[PDB]
Amino acid sequence: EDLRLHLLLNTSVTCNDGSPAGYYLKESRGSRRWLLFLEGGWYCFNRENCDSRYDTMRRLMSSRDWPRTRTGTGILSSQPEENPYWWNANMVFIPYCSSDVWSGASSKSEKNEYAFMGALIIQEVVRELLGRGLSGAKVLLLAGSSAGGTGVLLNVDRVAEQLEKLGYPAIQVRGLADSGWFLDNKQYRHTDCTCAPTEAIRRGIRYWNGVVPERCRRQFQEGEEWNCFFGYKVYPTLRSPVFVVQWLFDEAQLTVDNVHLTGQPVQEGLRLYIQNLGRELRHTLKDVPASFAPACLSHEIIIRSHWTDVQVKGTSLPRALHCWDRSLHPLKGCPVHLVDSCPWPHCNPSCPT
Ligand SMILES: O=C(O)CSc1ccc2c3c(cccc13)CC2
Ligand SMILES: *[C@@H]1O[C@H](CO)[C@@H](O)[C@H](O)[C@H]1NC(C)=O
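Under my numbering, think of the first position of the sequence shown as 37, with each following residue one higher.
Shown next as structure tokens:
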């Protein structure tokens, strides 16, 4: 069940503080499927805010204290009972140590206190894995939760395209974006930059020299690339198949919207605010053919041990993913587009507690 740490042999690809980035691996000799999971954990968009993260979230900025191993849970579990979907796959956990929503290509230098290399970390992991069996893969699934889910959307097509330019057109690259499908909406109550979703990314993307998918960049153009960090804007531009998993009432979305459900009766204005949020999230998913979006107030799912438990219209997430697999070869009783229509958190009775 354990994934072993390997630090990058290319030590110019680093975490924020210059320590080498890396990946946790568990090989499955008899398997042609590879799961590369991108960890999440917010971001920092300037020197002072990143110094604060360095004090108290240092494992998200540095490999110096990483454990030698890591237990695979949820979709990274090797036990069929916990992971009906891909229990036999080669499992890869890429720790998030660049604080840049996996978008940066920026070395630490005399002009940069921190390195922001998330985009380069992903490609270096892919490069170093080819020699550990990935060259023989038929499917590479690039998955990720929260900031790592947004990182899937920013990076899936780039992974596909290095594999093509490296002479491996047989590997089918696909994406699995969990809890990284955000809305650039108005906060419920205004705060000073809990930064509003829109302005957080504009400052971040400049600070990291972050990079976005090419077609999306060509649409929005210079200075407007922050737009590509928002799933409903970047997804239509992607080629690789991408499965979108998204709570309709994501906790991180509510946080940046300054919504705090601290007990007490919810008043009319907040009720309508929350109900409109779920409706607009549904609307952005209507033309996403492979998606799983339950009406729950929660955050992340695919690496939780009880990710098998949630259902939309009677179908679980591991089942929906298997059905997605079959569709990538109109299936009878094996749906891939599963979006709740009920309008309030936990109107779905299988929501997590
Ligand atoms: O990693 C976590 O747990 C949370 S990331 C996150 C939160 C909130 C927002 C994000 C946006 C883009 C990319 C990532 C995020 C826009 C608004
Ligand atoms: C190491 O990574 C950097 C950043 O992507 C790249 O420019 C360089 O060519 C790599 N070096 C080797 C030896 O792979």
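The beta carbon of each residue, even a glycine, is placed where N, CA and C say it ideally should be.
Pick from the options that is closest to residue i, judged by C-alpha positions
i: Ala-206; options: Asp-101, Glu-197, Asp-214 and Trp-380; result: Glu-197
i: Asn-221; options: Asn-312, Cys-252, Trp-360 and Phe-256; result: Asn-312
i: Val-375; options: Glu-63, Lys-349 and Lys-368; result: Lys-349
i: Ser-67; options: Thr-107, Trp-78 and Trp-122; result: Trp-122
i: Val-209; options: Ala-356, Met-153 and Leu-72; result: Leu-72
i: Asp-53; options: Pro-116, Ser-145, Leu-317 and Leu-74; result: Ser-145
i: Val-278; options: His-296, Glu-287 and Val-195; result: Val-195
i: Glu-63; options: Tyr-90, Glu-149, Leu-166 and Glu-287; result: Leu-166
i: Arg-355; options: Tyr-132, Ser-327 and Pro-381; result: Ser-327
i: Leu-96; options: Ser-114, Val-280, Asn-82 and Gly-76; result: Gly-76
i: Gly-259; options: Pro-131, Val-270 and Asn-245; result: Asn-245
i: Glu-149; options: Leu-364, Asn-82 and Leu-290; result: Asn-82
i: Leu-317; options: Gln-303, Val-280, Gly-299 and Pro-301; result: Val-280
i: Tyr-271; options: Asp-136, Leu-284 and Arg-253; result: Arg-253
i: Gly-203; options: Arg-94, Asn-46 and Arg-163; result: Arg-163
i: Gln-282; options: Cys-51, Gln-303 and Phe-218; result: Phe-218
i: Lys-147; options: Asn-85, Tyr-243, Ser-48 and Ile-130; result: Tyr-243
i: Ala-57; options: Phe-285, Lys-269, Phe-129 and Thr-107; result: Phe-129
i: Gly-180; options: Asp-361, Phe-285 and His-335; result: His-335
Contact set for residue i: own chain, Cβ-Cβ below 8 Å, skip 5 residues either direction
i: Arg-315; result: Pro-379
i: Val-346; result: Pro-330, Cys-332, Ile-337, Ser-352, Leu-353, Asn-384, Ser-386, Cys-387 and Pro-388
i: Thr-105; result: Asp-38, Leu-39, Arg-40, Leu-41 and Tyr-60
i: residue 18; result: Residue 18 lies beyond the residue range present for the chain, which begins at 37 and ends at 389; the question has no answer from this structure.
i: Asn-294; result: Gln-223, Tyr-224, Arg-225, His-226, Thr-227 and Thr-230
i: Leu-43; result: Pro-56, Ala-57, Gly-58 and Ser-99
Residues bridged to residue i [DSSP beta-bridge criterion]
i: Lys-62; result: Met-127
i: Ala-329; result: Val-375
i: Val-280; result: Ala-213 and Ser-327
i: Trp-70; result: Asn-126 and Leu-176
i: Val-348; result: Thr-351
i: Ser-334; result: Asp-286
i: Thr-50; result: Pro-56
Outcome for residue i when other beta-carbon atoms lying within 10 angstroms are tallied against a minimum of 16
i: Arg-307; result: exposed
i: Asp-228; result: exposed
i: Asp-87; result: exposed
i: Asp-323; result: exposed
i: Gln-300; result: exposed
i: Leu-364; result: exposed
i: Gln-289; result: buried
i: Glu-235; result: exposed
i: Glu-200; result: exposed
Residues near residue i in its chain [Cβ-Cβ closer than 6 Å; skip 5 each side]
i: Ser-143; result: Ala-151
i: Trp-70; result: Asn-126, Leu-170, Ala-173 and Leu-176
i: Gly-185; result: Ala-213, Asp-214, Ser-215 and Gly-216
i: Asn-124; result: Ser-64 and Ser-67
i: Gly-211; result: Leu-178, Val-188, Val-192, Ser-276 and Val-278
i: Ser-113; result: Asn-119
i: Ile-158; result: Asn-191
i: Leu-357; result: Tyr-121
Own chain partners of residue i with C-beta closer than 7 Å, once the 5 adjacent residues on each side are dropped
i: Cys-359; result: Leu-367, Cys-370, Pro-371 and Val-372
i: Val-247; result: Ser-139, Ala-141 and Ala-155
i: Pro-325; result: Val-372 and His-373
i: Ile-237; result: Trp-262 and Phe-265
i: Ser-55; result: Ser-98, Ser-99 and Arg-100
i: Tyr-79; result: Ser-135, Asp-136, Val-137, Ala-183 and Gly-240
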